[PDB]
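>>> Show me the folded form of this:
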Amino acid sequence: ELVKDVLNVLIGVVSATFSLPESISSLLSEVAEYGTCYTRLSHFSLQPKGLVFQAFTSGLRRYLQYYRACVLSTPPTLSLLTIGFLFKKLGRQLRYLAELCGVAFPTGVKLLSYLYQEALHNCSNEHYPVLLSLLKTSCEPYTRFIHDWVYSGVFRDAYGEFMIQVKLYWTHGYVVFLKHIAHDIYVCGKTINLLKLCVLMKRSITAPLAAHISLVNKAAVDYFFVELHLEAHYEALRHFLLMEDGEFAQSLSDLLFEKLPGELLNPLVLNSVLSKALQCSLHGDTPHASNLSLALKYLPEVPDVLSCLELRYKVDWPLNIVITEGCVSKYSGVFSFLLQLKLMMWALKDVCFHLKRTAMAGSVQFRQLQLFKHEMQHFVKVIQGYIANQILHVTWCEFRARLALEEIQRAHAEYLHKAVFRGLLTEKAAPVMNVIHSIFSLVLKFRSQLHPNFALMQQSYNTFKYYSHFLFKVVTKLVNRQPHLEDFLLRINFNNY
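Residues are numbered from 1 along each chain as shown. Right below this line is the structure:
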């Protein structure tokens, strides 16, 4: 009858006319060449390189068996033409699966995403369910690795199909699905790995996932405050580095300035002056109060306004990862300025005290002399009042009502950066800082000449009044081009021009 011959070609077994009127051969090739793709699949999807490729390979055999189930089920012996028409709406789909595979071929995520773009490309048509059932199982193992960083945190990779592979401790290199969740997964895992050492709407994935991301991060930040006192370290480093606590800088700087080369630089005096300083603090002497390594960074040789010296805080592991080893370096930048400021309010205090013992001696030469100090002191006691208003109070209002895990890195990087910006240390407003040195220098010369050389000092003060009068113009011209500098005008200029 020949029915059992054509039907035994979709299975792959050869026949009397299938090797490996008269026009029936042409209409036979319409069903024959269908079989050439069925065999061309088992030769390609037989193995049980990549793990996601195996599942997609394991998904194909979940389909062909149905194609083997449909055949040999309905027709015992039907008309010849019935076969060609019955296997048309289904046969052409089998030839479509040849365009998908080879009969090179991506692997890993590159394949799990390539198959996705085949869905939207041919969505409305009848190829939607078959492709979907493949994608629904071709991503099954890939969810498991995603199901590790979310629940357990053990990274299980074999060949690199995962898009992510494996002091600083944050060198798990990272670089389709919605990127709104991609970068979040990368951080939703590193937190767990850090606590261990201490229509195509994708709703079936994010919904069981986003519910767990917010609980981890909230428990991660809460882990820091209520147990490791992150809120304390900030409000403690400010007590020591930014010199917020009086009776400490006025005891440290006051000690060092008593000396001024080979002395004052061995670790016997400068590494001990701190342990004498902390006792006069009336605040501290806690586990926080330690780790104040008063270390130096230069070996100078020999009237100026510079004494290079550093003061570094020290931290331990679960806090080292937040407070960057670069941020503390910038505290050292803002510190050497603030210490340099105290050198004025002590040297200027000296001449105010050095002159006190001189007092009978009342003449025009005397009173006209002392009014210089009153005219120079008021300037420094103004620029200091500015610093003690921006870098310690208002920039601290932010970053204190701002906090209440990635954000902690940026919020801190924004707190200090505003402190060095309002501090006239940025290179943008550098000329405003350069002129300050001319002011500070002249006060030191005024300290050297503690009336044998009055006129030598009278010329010095006149140079001071010129430079100060020059500052009022260079800062004003820098307003048309910084709302931070605005408050300086109201500070330097008041009831004058």
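
>>> okay but residue 392 is in contact with residue 241, surely?
No: the pair residue 392 / residue 241 is not scored as a contact, 11.2 Å apart, by C-beta atoms under 8 Å. All C-beta spots, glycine's among them, are computed from the backbone N, C-alpha and C.

>>> Between the two, which has more neighbouring residues?
Using other C-beta atoms under 10 Å, the more surrounded residue of residue 392 and residue 241 is residue 241, with 18 against 15.

>>> for that one, what are its contacts?
311, 313, 331, 335 (C-beta atoms under 8 Å, 6 or more residues apart in numbering).

>>> in which helix or strand would I find the last one?
Read that as residue 335. Secondary structure from DSSP states H and E places residue 335 in helix 327-354.

>>> Mind listing what's buried along that helix?
328, 330-332, 334-344, 346-348, 351 (16 or more other C-beta atoms under 10 Å).

>>> and what of stretch 389-403?
In stretch 389-403, counting by 16+ other C-beta under 10 Å, buried: 390-391, 395-396, 399, 403.

>>> got it, and stretch 445-461?
Residues of stretch 445-461 classed as buried by neighbour count (16+ other C-beta under 10 Å): 446-447, 457, 460-461.

>>> what's in contact with it?
The contact list for stretch 445-461, computed with C-beta under 8 Å, 6+ apart, reads 303, 347-348, 350-351, 354, 365, 369, 372-373, 375-376, 442.

>>> Please repeat the previous calculation with a cut-off of 10 Å.
303, 344, 346-348, 350-351, 354-355, 358, 361, 363, 365-366, 368-369, 371-373, 375-376, 442-443, 463-464 (C-beta atoms under 10 Å, 6 or more residues apart in numbering).

>>> Stretch 141-157 now?
Contacts for stretch 141-157 (C-beta under 10 Å, 6+ apart): 50-52, 54-56, 58, 108-109, 111-112, 139, 158, 161-166, 172, 181, 185-196, 204-205, 208-209, 212-213, 216.

>>> quick one: buried residues of stretch 224-242?
Of all the residues in stretch 224-242, those buried under the rule 16+ other C-beta under 10 Å are 224, 230, 233-234, 236-242.

>>> Likewise for stretch 76-92?
For stretch 76-92, a neighbour-count test (16+ other C-beta under 10 Å) marks 83, 86-87, 91 as buried.

>>> Out of these, list just those in helices.
83, 86, 91 (DSSP state H).

>>> Can I get those residues in a markdown table including distance to residue 289?
Below are these laid out as a markdown table (distance: C-beta to C-beta, whole Å):
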| residue | distance to residue 289 |
| --- | --- |
| 83 | 92 |
| 86 | 88 |
| 91 | 83 |
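
>>> Out of these, flag the one nearest to residue 321.
The shortest approach to residue 321 among those belongs to residue 91, at 61.0 Å (C-beta to C-beta).

>>> Where do the helices of the stretch 251-400 of the chain begin and end?
273-277, 317-320, 327-354, 364-389, 395-397 (DSSP state H, counting those that start in this stretch).

>>> Of all the ones you listed, which one is nearest residue 131?
Short answer: helix 317-320, nearest of the helices of the stretch 251-400 of the chain by C-beta to C-beta, at 47.7 Å.

>>> Who are the packing partners of the closest one?
With contacts taken as 3 or more C-beta pairs under 10 Å, 6 or more residues apart in numbering; DSSP states H and E, helix 317-320 sits against helix 179-195, helix 203-228, helix 230-240.

>>> tell me which of the buried residues of stretch 389-403 is nearest to residue 481?
Of all these, residue 481 sits closest to residue 390, with 19.8 Å by C-beta to C-beta.

>>> Setting aside sequence neighbours, what's the nearest residue to that closest one?
Excluding its sequence neighbours, the residue lying closest to residue 390 (C-beta to C-beta, 6 or more residues apart in numbering) is residue 422, at 4.1 Å.

>>> Could you report the neighbour count for that neighbour?
With other C-beta under 10 Å as criterion, residue 422 counts 21.

>>> Can you spell out the domain ranges of this structure, please?
Annotated domains of the chain cover 3-105, 142-227, 230-492 [automatic domain parsing].

>>> Can you add distance to residue 129 and give those back as a markdown table?
Listed next are these as a markdown table, based on distance: least, C-beta to C-beta, whole Å:
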| stretch | distance to residue 129 |
| --- | --- |
| domain 3-105 | 11 |
| domain 142-227 | 14 |
| domain 230-492 | 41 |
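
>>> Of all those domains, which one is nearest residue 132?
domain 142-227 (9.7 Å).

>>> for that closest one, the distance to its chain's centre please.
Averaging C-alpha positions (C-alpha atoms, centre = their mean, to the nearest Å) puts domain 142-227 16 Å from its chain's average.

>>> Alright, I will stop here.
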